[PDB]
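Taking it in order: structure first as C-alpha cells, then the write-up.
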Amino acid sequence: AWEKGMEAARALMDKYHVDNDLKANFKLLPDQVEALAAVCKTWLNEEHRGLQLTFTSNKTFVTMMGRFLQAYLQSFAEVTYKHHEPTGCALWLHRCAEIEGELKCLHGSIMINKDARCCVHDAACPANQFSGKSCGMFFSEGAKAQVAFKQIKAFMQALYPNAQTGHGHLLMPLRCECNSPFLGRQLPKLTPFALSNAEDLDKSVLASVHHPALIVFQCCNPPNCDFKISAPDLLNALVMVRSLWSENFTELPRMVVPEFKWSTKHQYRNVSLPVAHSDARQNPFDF
Amino acid sequence: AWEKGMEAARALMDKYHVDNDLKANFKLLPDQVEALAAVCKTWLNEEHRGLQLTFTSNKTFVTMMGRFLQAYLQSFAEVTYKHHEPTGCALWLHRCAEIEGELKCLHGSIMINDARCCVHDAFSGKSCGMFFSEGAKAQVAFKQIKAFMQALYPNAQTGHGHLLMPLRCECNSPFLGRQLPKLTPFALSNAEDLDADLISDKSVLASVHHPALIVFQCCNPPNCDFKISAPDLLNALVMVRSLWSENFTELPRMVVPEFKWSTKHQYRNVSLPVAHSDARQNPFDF
Ligand SMILES: [Zn+2]
Ligand SMILES: [Zn+2]
Ligand SMILES: [Zn+2]
Ligand SMILES: [Zn+2]
C-alpha cells in the first residue's frame, strides 16, 4: 500500500540524509523524483566515489537511478498510477546483432540503406530527413551501429552468463528530460560512439574491446536537453539501484520494465499545433 | 502628428537595423510596410527564434505584423488617411460555432447543401464566395478558433464569437472572383488521437479538442501565396503589441473594423473595361 511504500521511502531518505523539506513533502506521486534521485546521489558519493562513466553525465546517472528506485519503491507498495511508467524506459528486443550487416529500426522492420541506414518510412525523405510516419532512426555508418549493438549484448552476457532470456533485449529510456508536445523525434536519440583506445589496449571490459562502439542515448532532438547516458551505464544504474535496495531490505520486489511495442505515439512529428502568445489585455480587440 | 510617429518609427527602424534604403524611403504613407515587416522579421529572429507556425507562410506572418505595427504607429501619431485601413483585417462575428451543426456565410445566411454553400449557390454574382465541401470538417475549425481565443482571453468580456480575418492579400493591396481571402478548413492530423489531459496549456487543448484550423489564403488561389492560419493571425497582432509595449510601455488605440455585409464583397462575374494608355492627344485622324 501507499503507506507501506511510504515507510520504505522514509527510511532511505533518513539514512542518506535527504533535505528536511523534500522528505517532508515527498508523498509518493509520479512527479516526485528529486528526493529519490537525492538518496542515490549521496549513496553514490558515499559508497561509490570511484564510478567512472562512459559517454554519460553525472546528472543523467543520478537521474536514472531515481527512476528505477521509484519503480522498486512502487513495486514494493503494489501501487500503479495511471498514465505513468516509473522507469521512463522500455525493453527493445532489437535484432541488430543477429544477421551480419543487417539492422532493424524501432518498427521491427529492416532499415533501408541510403551504408547509411534509414527507417523504411523515410523512403521519399532525402537520407537523414524524416517523415511523419518515421520512428526517427538513422545511422550514417551502419556497421558501427551494429558493433555498438554487439557490444551491449556482449556486456549483457558477461554480466548474466546463465540467463534464460534477456541478451536480445535492450534497456533504453523512452523519455529525456524534455518529455518527462514538440516536433521532431519523440524518444531519446540512440547514437553509436566509438572507443578508439579500446582498439588496442574481466569479461565485461573485453566487451568494449571486441566491439569498440557504444550505444549512447541523448535528448529526443539535441526543446532539447543535456540528457546523455550510454546503454551499459544505464544497465549499471538498474543494477546499482538493486544493490542499494538489497543493502536496506531482505527481499527485492519484482520490477517489470515494459517491453517495447511500436506505436504511432512515437512517430516523428512534422506539423505543429498553435500555442498562444501572451497578452496582458482582458478583452481581445478594441470596439 | 506626423513628426511624432515618424520619429517613433525611425527609432524602431534604427534599433532593428533595417536597410538604410528603406529607412530613407519610408514616410508613414498608406502602403509603406516593407520597412516595418523588416523591423518585425529581425525582432522575431532576435528575441523569438522559437516561434512555430501552423500552416502559415513565414512571409505572410511578418507582413501581418508589419500591418499591425503600421496601425499602431499611425494611431500613435494620429495620422489618418481617406481610404486606408492599416490592419487590412476585419472582425467577422461568425455564428458558425454557436448552434451545433450550423455554419453561416458572410451574408449572415445559414449555408445549405455533405457540402455546404452560400444560399445564392443552391458562384453567382450575388454570392460571397464561401463554400465548404464538408460541414463538420468546417465547423470543427470554427470551434477551435473560438477555443483558442477564450484561452488567450479568459476574462474577455466580449470577442469570442468574432474572428480576426484579413480582407486583402498581396493582390488587392477591381478584379474578378472572390473579393477577399479564401477561408479553407484544414484538419489537424496528429491532434486527432492525443490525450486531452496532457498539460495545462489550454490553447493547445483547443487544437486538441478540435483538430482542424481555419487557414486564410489568396482571394482566388492574378493570385498570390497569401497563407495564414486563424491562430497565427491572432498571434501576429498579439506579438506586435508585445514589440510595441516594450519600446513605448503604454499601447495606443487601434480598432480593427467590424464586418458589415455589402455588395463590394459579392462574387464578381463580369469585368469593367479599362482603357489602354495611348500617347496621342486626339483619338482619330480625319
Ligand atoms: Zn522505423
Ligand atoms: Zn531532451
Ligand atoms: Zn454568402
Ligand atoms: Zn492574392
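All chain B residue numbers match Swiss-Prot; in order, they span 180-292, 335-343, 350-400, 406-453, 465-529.
Placed from the backbone N, Cα and C atoms, the Cβ positions cover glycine too.
Going through B:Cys268, B:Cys355 against Swiss-Prot, the one listed in the Zn(2+) 1 site together with B:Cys284, B:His286, B:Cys339 turns out to be B:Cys355.
As stated in Swiss-Prot, the feature region 'C-terminal arm, DBP binding' covers range B:513-529 out of the listed B:194-210, B:496-512, B:513-529. Rounded to a whole number, the C-alpha distance linking B:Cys398 (Zn(2+) 2 binding site) with B:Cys355 (Zn(2+) 1 binding site) is 18 angstrom.
The CA atom of B:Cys450 (Zn(2+) 2 binding site) is located 20 Å away from the CA atom of B:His286 (Zn(2+) 1 binding site). Scoring each of the binding-site residues (B:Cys398, B:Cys467) by how many neighbouring Cβ atoms lie within 10 Å, the top position goes to B:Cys467. The recorded positions near ligand 4, defined by a Cβ under 6 Å from one of its atoms, are B:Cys467, chosen from B:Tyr195, B:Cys284, B:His286, B:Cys339, B:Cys355, B:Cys467. Taking B:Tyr195, B:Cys396, B:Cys467 as the recorded positions under consideration, the smallest Cα distance to B:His286 (Zn(2+) 1 binding site) is found for B:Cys396.
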